[PDB]
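Protein chains in written order, with the entry's author numbering: chain Y, 944 to 1042; chain G, 944 to 1042; chain P, 27 to 66, 82 to 110, 116 to 135, 138 to 141, 166 to 172, 186 to 242, 264 to 621, 628 to 676, 690 to 746; chain R, 550 to 598; chain V, 107 to 140, 164 to 172, 187 to 242; chain U, 2 to 100, 105 to 126; chain L, 747 to 827, 853 to 894. C-beta atoms are modelled at their ideal positions from N, C-alpha and C, and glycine is treated no differently. Worksheet: one structure, shown below.
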Amino acid sequence: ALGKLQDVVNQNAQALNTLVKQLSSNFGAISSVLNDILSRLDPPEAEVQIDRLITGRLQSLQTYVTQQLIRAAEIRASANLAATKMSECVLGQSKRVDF
Amino acid sequence: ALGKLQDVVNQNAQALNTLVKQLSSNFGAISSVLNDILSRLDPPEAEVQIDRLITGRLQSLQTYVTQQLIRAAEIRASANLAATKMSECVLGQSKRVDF
Amino acid sequence: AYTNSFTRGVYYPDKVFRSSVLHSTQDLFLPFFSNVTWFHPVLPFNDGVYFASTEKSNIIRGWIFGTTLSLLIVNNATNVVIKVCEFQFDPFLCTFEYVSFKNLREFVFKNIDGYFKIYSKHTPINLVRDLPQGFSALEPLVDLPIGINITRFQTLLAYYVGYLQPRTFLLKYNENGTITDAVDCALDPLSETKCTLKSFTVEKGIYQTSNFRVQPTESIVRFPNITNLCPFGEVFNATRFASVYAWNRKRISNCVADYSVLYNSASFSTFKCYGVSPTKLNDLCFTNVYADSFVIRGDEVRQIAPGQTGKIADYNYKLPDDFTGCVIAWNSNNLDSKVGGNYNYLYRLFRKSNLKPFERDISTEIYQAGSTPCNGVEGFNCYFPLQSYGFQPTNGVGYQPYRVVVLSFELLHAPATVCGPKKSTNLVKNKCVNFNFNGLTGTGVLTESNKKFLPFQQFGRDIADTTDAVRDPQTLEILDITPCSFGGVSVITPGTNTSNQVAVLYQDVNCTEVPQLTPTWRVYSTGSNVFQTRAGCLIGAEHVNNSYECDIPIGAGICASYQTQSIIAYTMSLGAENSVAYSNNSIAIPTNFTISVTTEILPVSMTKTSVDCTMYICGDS
Amino acid sequence: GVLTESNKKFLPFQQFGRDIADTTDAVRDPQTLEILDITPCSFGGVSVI
Amino acid sequence: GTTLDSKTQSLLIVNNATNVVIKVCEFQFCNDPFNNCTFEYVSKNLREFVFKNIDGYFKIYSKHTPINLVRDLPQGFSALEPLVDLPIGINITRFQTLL
Amino acid sequence: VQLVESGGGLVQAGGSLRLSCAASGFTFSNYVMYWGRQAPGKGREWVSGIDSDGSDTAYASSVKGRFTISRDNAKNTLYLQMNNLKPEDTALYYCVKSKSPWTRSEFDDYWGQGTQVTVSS
Amino acid sequence: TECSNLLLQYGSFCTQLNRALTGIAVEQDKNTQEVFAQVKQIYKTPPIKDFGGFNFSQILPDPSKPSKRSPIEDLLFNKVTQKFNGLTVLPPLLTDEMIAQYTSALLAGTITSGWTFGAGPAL
């Protein structure tokens, strides 16, 4: 019965989990552990690996933020509909059919 | 007259033909065909070329997905308004002016 | 003998604790429901082995592993000996020496990265002549990194032998941290669905699990039937090479070109291929090849390369920044030098400007160095446009003559008369094959065409700029390239709480193009339960001729439900019929009423989050 | 991070646990043979009112 | 060619005796025409040809069409296919035709 | 960068010799080392090549089927085992750094100390 | 396959994109269901169009045509008017004939029983 409330929690939790999992992908670099590249490679070579990880992580953060911005708009539409339903069904009697 | 339906169909046509046409760009490598890179280099550097095509096509697909996700919200708002119009005009007589 | 290992061979993948989680491990495990061998003998060790033995009086002692039957593990009355040695093995009953049916023993043997891992578990049984039904995990026992190779094994002494194969499992870690259940992810569509949603229970619905692609049945190469080898020797084993400012350009065409002849020739001091890896030239094809030959000192050989700068690069012979070919240079001191200093080789040193690439200059006008017109006055303020060479074999090696050739070719998508040594194969059509035309590697289904190409066009192209039409390099027929049939795989499942049956949906295929663990997967591949809809090939549901409310939506007006029990496929019905008895003088009026309370649920807010840029991306670095 | 005692029971062969996101949360100490929880070193946002 | 004499190389195309001749020999041309070599591929009707100078290449595009009109280029559209790309390696600044 | 080669000597037909050289100033795992010989007073030649990993080995057509090439990445050592050796092979042998990584093109920017190899009966 | 292995090192971007497009595609059937499935039953008009002079012939379904559509829906369908690289077009769950059936049911309900069927039994 409460799928509409549950799916919001499911999607948000899944998106945070995916954002965390992307921290464990090498993004075409030697490895995902910054301390390891800084440990086993010299500055001139370690810099390129760090930069590739930075690009991948920044892109992942960007995609998470954009998906959150898109979902928030739908939740705001639902909040506006719920506020309208409150003001026109609870604080009054409505004539709009099936509203 | 039927401008809105045709516009939706056309915005689906382009931005998808654009996605297909974007599958043939160098993005900084020697060729726009993976096999052309594969049949012309050893993996230690065909890797670099494939990586550049991968980054380009990944940005392209992500941008297309974002635009589609945004267009989906517009169509969804239109469909919710259409359902409201169906319920209030078709299944009754409305007292809303110009609705 | 043989038997069925229902659910065995699951071992803790690593020494990491997990709780109430459902993990996904890709590692070498024993597939469930597997035919495994039953014994009461030399046995190979492919990659891993599941050894399970039922005994009561310890009729078994241990094992022997290795290839040249090597390490012994044995269990005498009380203790056990572990050591690798050169022994006097048909057995019957150093680097390291670790000498330390009611009862059932399961052992897992793996040697990966040279590390030997043993996993074990014991359980009581009151059964005979059969593998017990149940689930049990095999804990690790001891890790010995002997670092030796092993190919076969044999025990020391009934038992069963199972082999581990690369598989992915959904494991179930309980609150106490023990694997109480698992899912073989490749056994059947239902297990794959349980993999996509990481849970052992799947609610009713439709789920997209994987992608299905028809596979290339064979491989086809079509190359020109020309035979004469390219006269590479005439270019290399020639008489003499022209002075650099007049570099001979000799074309190579209509010939099979083996390049292994140049590779095996070990008289080349610099062989660096620029546009292509050298080891792939023998399979490519080329439009035309230009060999530019001339002689330059070893120090100035570095000028002959794409995108560089120098006197020979600007005034004499320029390789463009996008050059395609290989640069070959070698020493010819014995054949291109005089005793008193040879000056037959000349170069241009006094020019009015640079040269665009592949531009030859034979200008013979006096160069000006002063501000006055030369008027044919050689000497002060007016130099001769060329310069000479000094060739004595008594100098440093950097000054010796080097016959240098640039094997320039255009690798364009063009007729490509030149090719490498590759054996053409018969042309097969209408089948998904991994073809190869003139180096245009790719896979697809080739059919006859109704197209017309221009007599110089080599192949067609799609809007995506991908090859979709070719002409046969041997018969000049237009072939149609269509990518091999494919689609998504969807599993039509009534909830696992209801039944373990599933139906399979293939997206965008014809039910003939669909042909997988056979004892489970193949059942959902044939039979009289295959239905073709507008959403693709539906396998595992019966097409009934009734109509009901949509229970699981397939697509294009088709829904599938679990009824009698089996799965049905029906064209959904919108609702019950009716006909209001309308009349010009007939009205209907309610005589009673109802008070009905209903519910609407509307999401209002969502969790408020805040992610740090530096802490997420770089953390503490 | 910060190390403190816990009450989770590792299996004897297990050496260090993780979370639902496969991140280090628990480690079994080498010498004392106990179970320890590892927690993130504290971080937060600073707001000015 | 650059200079139309023995000094610089000069491409030459002729149709005579049912045969076309394409030398690169720096011929000696008189000022009203109607040595060292490189190659010789010695082998109203509105003729249309396109010439250009690429790296080591001289491309000859061509198309022939039946026309009956005088005093100008005709109307209409017709594409000019390629016929050959002569492998000529000279620098060109001027040219002249032959009747 | 520092290179000193080891091995070489008076070798009769069918004999064997081992050449080794280390590379310092760079880890040497990435770069590819070739084997080069110059007969005295003649041109230099390319004898054999090794891939950066060690999986891919190439030889001159002259030494194909007769010589064994091997190198160890971990102590930075390149070896050459030679079979069916003859007075034909007499030359000064060079192990060279190819300046670059993870590529198969065969030529050397640098030249090592070299070894004096005398072949006689 | 080298491209596939390199792609696997960029985390799960591809899974995210496939899931997003799947959500859009499933929403496109929720939209149609909400707009058109506003009624439980499927009403049918009386055989004879004697509605007191109002001729609904230009909006009611036509038995003659094979799509059982009204003339205006016919004009709407007329006036509004493939290669694959991983691209796929899923078929809509509700066919156009079914949308025509839903519209016919709503029209029949309005003509024969007023707005009474939008709140309860058709009167």
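Comparing C-alpha positions only, which one of P:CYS432, P:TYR38, P:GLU702, P:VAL620 sits nearest to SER221 (chain P)? On the third sequence, position 136 is the one that residue 221 (chain P) refers to. Cα-wise, what sits closest to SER221 (chain P) is P:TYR38.
Positions along the stretch 218-242 of chain P whose CB lies within less than 9 angstroms of some CB in chain R: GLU224, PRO225, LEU226
Which chain Y residues are close to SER1030 (chain G), counting only those with a beta carbon under 9 angstroms from its beta carbon? Position 87 of the second sequence holds residue 1030 (chain G). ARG1039, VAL1040, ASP1041, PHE1042, listed in chain order.
Going by DSSP, what residue range makes up the alpha helix (DSSP H) through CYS760 (chain L)? As a working note, residue 760 (chain L) is residue 14 in the seventh sequence. Here the alpha helix (DSSP H) through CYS760 (chain L) covers 759-782.
For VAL1033 (chain Y), count neighbouring Cβ atoms within 10 angstroms of its own Cβ and tell me buried if that reaches 16, exposed if not. Counting from one through the first sequence, the residue named residue 1033 (chain Y) turns up at place 90. Per the 10 Å Cβ criterion, exposed.
Taking Cβ-Cβ distances shorter than 8 angstroms, what residues in chain G pair up with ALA570 (chain P)? Numbered from 1 along the third sequence, position 464 holds the residue referred to as residue 570 (chain P). Within chain G, the residues near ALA570 (chain P) are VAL963, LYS964, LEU966, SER967.
Check whether chain L comes within 8 angstroms of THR1006 (chain Y), counting only Cβ atoms and requiring the distance to be less than that. Translated into the one-based positions of the first sequence, residue 1006 (chain Y) becomes position 63. Interface residue, yes.
What does a CB cutoff of less than 6 angstroms around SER46 (chain P) pick up in its chain, not counting 5 residues either side in sequence? Here residue 46 (chain P) is taken as the residue at index 20 of the third sequence, counted from 1. Excluding residues within five positions, the ones whose Cβ falls inside 6 angstroms are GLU281.
Identify every residue that forms a DSSP beta bridge with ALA59 (chain U). Numbered from 1 along the sixth sequence, position 58 holds the residue referred to as residue 59 (chain U). U:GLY50.
Helix, strand or coil for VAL539 (chain P)? Go by DSSP, reduced to three states. Locating residue 539 (chain P) in the third sequence gives position 433, where the first residue counts as 1. Looking at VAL539 (chain P) - three-state DSSP - the assignment turns out to be strand.
Below 8 angstroms between beta carbons is the criterion; list the residues of the stretch 979-1003 of chain G that meet it against any residue of chain U, in chain order. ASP985, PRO987, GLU988
Under 8 angstroms, Cβ to Cβ, is there at least one residue of chain P near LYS206 (chain V)? Residue 206 (chain V) sits at position 63 when you count from the first residue of the fifth sequence. No, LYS206 (chain V) lies away from the interface with chain P (no Cβ there is under 8 angstroms from its Cβ).
Less than 8 angstroms between CB atoms is the rule here; does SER975 (chain G) satisfy it with respect to chain P? Sequence index remark: in the second sequence, residue 975 (chain G) carries index 32 (1-based). So yes, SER975 (chain G) belongs to the interface.
Within its chain, find whatever has a CB closer than 7 angstroms to the CB of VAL5 (chain U); leave out the 5 residues flanking it on each side and keep chain order. Here residue 5 (chain U) is taken as the residue at index 4 of the sixth sequence, counted from 1. Closer than 7 angstroms at the Cβ level, and outside the excluded window around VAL5 (chain U), lie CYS22, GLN118.
Taking a cut of 8 angstroms between CB atoms, which residues from the stretch 108-123 of chain U lie near chain G? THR108, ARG109
Helix, strand or coil, according to DSSP, for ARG67 (chain U) in the structure here? Here residue 67 (chain U) is taken as the residue at index 66 of the sixth sequence, counted from 1. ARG67 (chain U): coil per DSSP, three-state reduction.
Can you give me the C-alpha to C-alpha distance between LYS947 (chain Y) and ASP52 (chain U), rounded to a whole angstrom? As a first step, residue 947 (chain Y) is located in the first sequence; it is residue number 4 there, counting from the start. As a first step, residue 52 (chain U) is located in the sixth sequence; it is residue number 51 there, counting from the start. Rounded to whole angstroms, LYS947 (chain Y) to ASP52 (chain U) spans 59 angstroms at the Cα level.
Neighbouring residues, chain L, relative to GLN949 (chain G) (Cβ below 7 angstroms): Mapped onto the second sequence, residue 949 (chain G) falls at position 6. Here the neighbours are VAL826.
Chain-ordered neighbours of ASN960 (chain Y) on chain R, where CB pairs are closer than 8 angstroms: Along the first sequence, read from residue 1 onward, the residue named residue 960 (chain Y) stands at position 17. Ordered by position in chain R, the residues that pass the 8 angstroms Cβ test against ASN960 (chain Y) are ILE569, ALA570.
Have a look at V:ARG190, V:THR240, V:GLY199 and flag the residue whose alpha-carbon is nearest the alpha-carbon of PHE168 (chain V). Within the fifth sequence, the letter at position 39 stands for residue 168 (chain V). Ranking V:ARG190, V:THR240, V:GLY199 by Cα distance to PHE168 (chain V) puts V:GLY199 first.
I want to see whether chain L comes within less than 8 angstroms of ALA956 (chain G), judged by CB atoms only; does it? Residue numbering aside, residue 956 (chain G) sits at position 13 when the second sequence is read from its first letter. Output row for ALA956 (chain G): interface = no.
Once the 5 residues before and after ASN437 (chain P) are set aside, which same chain residues still bring their CB inside 7 angstroms of it? If you number the third sequence from 1, residue 437 (chain P) lands on position 331. Result list for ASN437 (chain P): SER375, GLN506, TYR508, in chain order.
Where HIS519 (chain P) and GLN564 (chain P) are concerned, what is the direct C-alpha to C-alpha distance, given to the nearest angstrom? Mapped onto the third sequence, residue 519 (chain P) falls at position 413. Mapped onto the third sequence, residue 564 (chain P) falls at position 458. Each residue's alpha carbon lies about 8 angstroms from the other.
When DSSP labels each residue in this structure, what does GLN239 (chain V) get in the three-state scheme? Along the fifth sequence, one-based indexing puts residue 239 (chain V) at 96. Three-state DSSP puts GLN239 (chain V) in coil, outside helix and strand.
Can you tell me the Cα-Cα spacing of residue 77 (chain P) and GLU748 (chain L), whole angstroms? Not modelled: residue 77 (chain P), which lies between 66 and 82, the two residues flanking a gap in chain P.
Is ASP138 (chain V) near the ligand GDP - that is, is its Cβ less than 7 angstroms away from at least one heavy atom of it? This structure simply doesn't include the ligand GDP, nor any ligand for that matter.
Closer than 7 angstroms, Cβ to Cβ, to anything on chain G: give me those residues from the stretch 765-785 of chain L, in chain order. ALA766, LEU767, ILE770, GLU773, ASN777, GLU780, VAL781, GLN784
Which residues does DSSP pair with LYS206 (chain P) in a beta bridge? The count along the third sequence starts at 1 and reaches residue 206 (chain P) at position 121. Per DSSP, P:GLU191.
In the structure shown, what three-state DSSP assignment does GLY504 (chain P) receive? Along the third sequence, one-based indexing puts residue 504 (chain P) at 398. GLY504 (chain P) falls in the helix class under three-state DSSP.
Along the beta strand (DSSP E) that carries residue 804 (chain P), what are the first and last residues, could you check? Here chain P covers residues 27 to 746 and nothing more, so residue 804 (chain P) does not appear.
Using only the alpha-carbon positions, how far apart do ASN641 (chain P) and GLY652 (chain P) sit? Numbered from 1 along the third sequence, position 529 holds the residue referred to as residue 641 (chain P). Numbered from 1 along the third sequence, position 540 holds the residue referred to as residue 652 (chain P). The alpha-carbon atoms of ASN641 (chain P) and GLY652 (chain P) are separated by roughly 5 angstroms.
What does DSSP give as the partner residues of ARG19 (chain U) in its beta bridges? Translated into positions along the sixth sequence, residue 19 (chain U) becomes position 18. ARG19 (chain U) pairs with U:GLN82.
So with Cβ pairs under 8 angstroms, would you call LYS113 (chain V) a contact of chain P? For the purposes of this step, residue 113 (chain V) is identified with residue 7 of the fifth sequence, where counting begins at 1. True, the Cβ-Cβ gap to chain P drops below 8 angstroms.
Per DSSP, cross-strand counterpart(s) of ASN460 (chain P): Stepping through the third sequence from its first residue, residue 460 (chain P) is reached at position 354. DSSP, once it has assigned bridges, lists no residue as partnering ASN460 (chain P).
From the beta carbon of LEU1034 (chain G), is the nearest beta carbon of chain Y less than 8 angstroms away? Within the second sequence, numbered from 1, the residue matching residue 1034 (chain G) stands at position 91. Output row for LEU1034 (chain G): interface = yes.
Give the DSSP bridge partners of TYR200 (chain P), in chain order. Locating residue 200 (chain P) in the third sequence gives position 115, where the first residue counts as 1. Answer is P:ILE197.
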